[PDB]
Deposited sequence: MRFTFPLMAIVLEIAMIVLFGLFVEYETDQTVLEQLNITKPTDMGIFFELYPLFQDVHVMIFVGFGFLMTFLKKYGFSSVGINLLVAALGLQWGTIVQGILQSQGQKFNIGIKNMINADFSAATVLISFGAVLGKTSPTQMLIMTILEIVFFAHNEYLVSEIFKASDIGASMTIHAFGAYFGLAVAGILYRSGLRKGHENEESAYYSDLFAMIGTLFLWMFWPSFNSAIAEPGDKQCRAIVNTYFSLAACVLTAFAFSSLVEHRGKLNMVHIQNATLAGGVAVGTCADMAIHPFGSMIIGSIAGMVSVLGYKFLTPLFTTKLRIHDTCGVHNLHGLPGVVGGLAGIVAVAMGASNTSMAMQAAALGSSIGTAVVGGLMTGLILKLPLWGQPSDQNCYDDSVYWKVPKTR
């Protein structure tokens, strides 16, 4: 039914309005919030525009998903923190709502080009519930330190999206798709998202960091991790390609793995050289993931990941969690090691279980899912111009 999407959008928005009326009441961090905002809406949105015939869906559904997600995440996270009571909206609420949007967008990267906007609304709602509850578990029960959210945003989003993509597996797409390909100017547009993510990641990892030494450390460590990651991502992209050519997939994504991998340790006293080591390993891991593990996942494990979010958010997120465990073992922070391990395990496990449930809901033939031939094509859901 063509009216499923507008009805769902309007009903969800009315529910948001009623919840805000029931539960919500009314400046130094506002610039950091705006940096995070740019990463959410321009960073991810344009990062996903590499697909030659899916640019409209990538950027626009990014906008739609994130707009819904910030409202719903505001509500869910606020109710969790208030234990069902009314709560006030600060700058921190806005930053955390943007983080919930980022988690959903990471998951979206796994199923990009194979889902409808209606499916993405449903996924936003369910995934934000699961993500918020895991994040509450990590912050308040375990009391683990994950300031950059390597486990709670990146690893969670990656493995949730992978579980959904696994449930939504299409046998017809295992060997590839004519539409699943980049274009020259499309890769150019994707570099815009890459550059904004790279530029503003230090604000991402430090926005809610405790003011003072922890926030300064978050900024500096994130910056140097990303600087090292750029060099290693370029080097390993050249290393794994015929005749040393550079691969735009690698330069668009693996250059950001430093931001993900240093997230758990960002506010810890790991020193710039420690942050650089983490970034270097992350760039390497991301490029190797894109080159060797994504084909393995798609063909043998039947888990197709359109944007290779496992290589940017999943494996580097796991690496960041492991780095947090090790850093605790070296005294770099006062948090328990067992709680870091528990946070990593809970993030991955909750992501997988919730992703399976959500994908089982998304698998119902009621959401206008594209046919196999029409995957990665804007024209299913958009009026497409007649020339490029």
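S.K.: What portions of the deposited sequence, indexed from 1, have no corresponding C-alpha atom in the structure?
M.R.: Model skips only 27 to 47 of the deposited chain.
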